[PDB]
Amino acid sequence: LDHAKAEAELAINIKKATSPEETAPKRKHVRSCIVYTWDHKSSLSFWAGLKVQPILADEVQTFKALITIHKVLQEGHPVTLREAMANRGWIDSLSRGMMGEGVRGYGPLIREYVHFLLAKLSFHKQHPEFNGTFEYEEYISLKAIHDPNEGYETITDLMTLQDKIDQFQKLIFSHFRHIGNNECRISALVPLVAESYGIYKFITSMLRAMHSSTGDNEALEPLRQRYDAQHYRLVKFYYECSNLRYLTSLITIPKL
């Protein structure tokens, strides 16, 4: 069967994406996990595949699994987000540090990632119309007229998610050991840049759209103030990212 071929191949992708190698999850295999969700309009074999891995024995393998999960939530078929809701309990179980076991010290990073991913899934449950990177043009195309009162509440939820990303990236930067490169730690910043920029772009477009063309727009000033605060804070994050040679080799850091 070519069906059994497809299942066998995804199993290899998940395995190799979460190997013991202390670096970024192998891109071709993470890419193949993402593609699988689009090809079959289903992520069920992805979640099943991760559950049968020997990933809890090494905290690097657990951390690489969470990076892979994050990327698949971001870029996979929309159903991936829906099917992730049933796996909240399993995702929460990864926040342990049984084996690893703090020789390289990923425990705090694993707990912070699990907290973030559950917060991401909480948002997508509340706001199912979004895709994994909060695309504005995809979001606003689904209806003719959009409620600015829903828009206000949605932005404050996104800003709260932006705060979790900023806390998490700062924790990753603190864990950088001086000599000998931190490629696995730095690789987690790749989807965090994508997440934070996705949020930034949407809030920019939506907050602009909500402003009445003339008048003071007094009601939106709390969002403007928090938007500006998060902008300058995101500039600092992206400046620190642009000075990492390994991170800039993987992605283009947004300007802002």
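Residue numbers here begin at 1 and follow the sequence given.
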*On mean C-alpha B-factor from the PDB entry, just flag whether 216-224 or 45-53 is the higher one.*
216-224
*Segment of higher mean CA temperature factor, 138-146 or 104-112*: 138-146
*Between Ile203, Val60, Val30, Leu189, where does the Cα B-factor run highest in the record?*
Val60
*With respect to the C-alpha temperature factors reported in the PDB entry, which of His124, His77, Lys71, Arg177 ranks highest?*
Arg177
_Third of the chain, ranked by Cα B-factor, where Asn131 sits_ = middle
*Against its chain's modelled residues, does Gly151's Cα B factor rank lowest, middle or highest third?*
lowest
*Check where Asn13 lands among this chain's C-alpha B-factors and tell me if it's the lowest, middle or highest third.*
lowest
*Once the chain's modelled residues are ordered by C-alpha B factor and cut into thirds, is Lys64 in the lowest, middle or highest one?*
lowest
*asked:* Which third, lowest, middle or highest, does the C-alpha temperature factor of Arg185 belong to within its own chain?
replied: middle
